[PDB]
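A single chain, nothing else alongside it, follows as structure tokens in the form deposited in one PDB entry.
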């Protein structure tokens, strides 16, 4: 694996420590992206846990998880490139901001696609990747892929909008993930998270109460019902992955297609 095997098309995003760039694989013209990380200032310990993290990326292979392709070490410029799938539709955060700014709600069909495909991504993770809009990506074929938010971080002030009731009291619980999914799907429909506040303490008060507005009336009672169940205060009242996928709303066409 050599950087020379690829040509950079342009930069998609830039963080404090590295960049994400759209690239083209020379051999066959495949369009991909890479994360460019300067590890020059890292300690041996930091570099070791970087290797271990990257190894985990190689472990997951699933149609609804952003696919890892390659890793390239350029020891000359002390840069590491992590090559992954290009998702032409971008991230969900951008989609929500767009709807919010342009005052246009998303189709129920699109929300069902996200629910179906992220629930399957979650199911694979649980077999053995934060559930947040900025970490969910869309390809050019109506597919939805869960990213590695560890990549965004490697490139406190934030309000933890999606924190579950049990998590703010200790997590380590698969049903906590269902709560976060509920928040995400809620925000996709409402163009705002179900619980808002200016501080974490205020937010926590609202979460504990467990009340929120119905998603907009353009969305079916069936869709509102399942999202509302995911936002139950009791983890054991939230539906499992299996129970979500059994919902009559979810059909073959909402799943991934090559």
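Residue numbers count along the first chain shown, from 1. The term rigid core refers to the maximal set of C-alpha atoms that superpose within 1.5 Å between the two forms.
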**Request:** Please report whether at least a third of the other compared entries leave residue 107 without coordinates.
**Result:** no
**residue 130: gap in at least one third of other compared structures** = yes
**Request:** Using none, 1 to 3, 4 to 9 or 10 or more, say how many deposited residues go missing between residue 128 and residue 129.
**Result:** 4 to 9
**Prompt:** Counting only residues from the deposited sequence, how many are left out of the model between residue 170 and residue 171 (none, 1 to 3, 4 to 9, 10 or more)?
**Reply:** 1 to 3
**Prompt:** Mean C-alpha B factor from the entry: is it higher for 172-180 or for 104-112?
**Reply:** 172-180
**Prompt:** According to the deposited model, is the average Cα temperature factor higher in 214-222 or in 41-49?
**Reply:** 41-49
**Item:** Most elevated Cα B-factor in the entry, residues 54, 33, 207, 65
**Value:** 54
**Request:** Can you pull the Cα B-factors for 158, 140, 99, 90 from the entry and say which is highest?
**Result:** 158
**Request:** Would you check the entry's CA temperature factor for residue 187 and let me know if it's in the chain's lowest, middle or highest third?
**Result:** lowest
**Item:** Relative C-alpha B-factor of residue 119, binned into the chain's lowest, middle or highest third
**Value:** lowest
**Message:** Please say which third, lowest, middle or highest, residue 153 falls into when its CA temperature factor is compared across its chain.
**Reply:** highest
**Prompt:** Based on the entry's values, in what third of the chain does the Cα temperature factor of residue 196 lie: lowest, middle or highest?
**Reply:** middle
**Request:** Taking the values exactly as deposited, rank residue 258 by C-alpha B-factor within its chain and report the matching third: lowest, middle or highest.
**Result:** middle
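In what follows, reference is made to the form deposited in another entry, a form of this protein that is not presented.
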**Request:** Using a core superposition, identify the member of 218, 214, 47, 201 whose Cα displacement between the shown form and the other one reaches 2 Å or more.
**Result:** 47
**Prompt:** Does residue 189 count as moved between the shown form and the other one, where moved means a C-alpha shift of 2 angstroms or more after fitting the rigid core?
**Reply:** no
**Item:** C-alpha of residue 37 moved at least 2 Å between the shown form and the other one on rigid core
**Value:** yes
**Request:** Look at residue 10 and decide if its Cα position differs by 2 Å or more between the shown form and the other one after superposing on the rigid core.
**Result:** yes
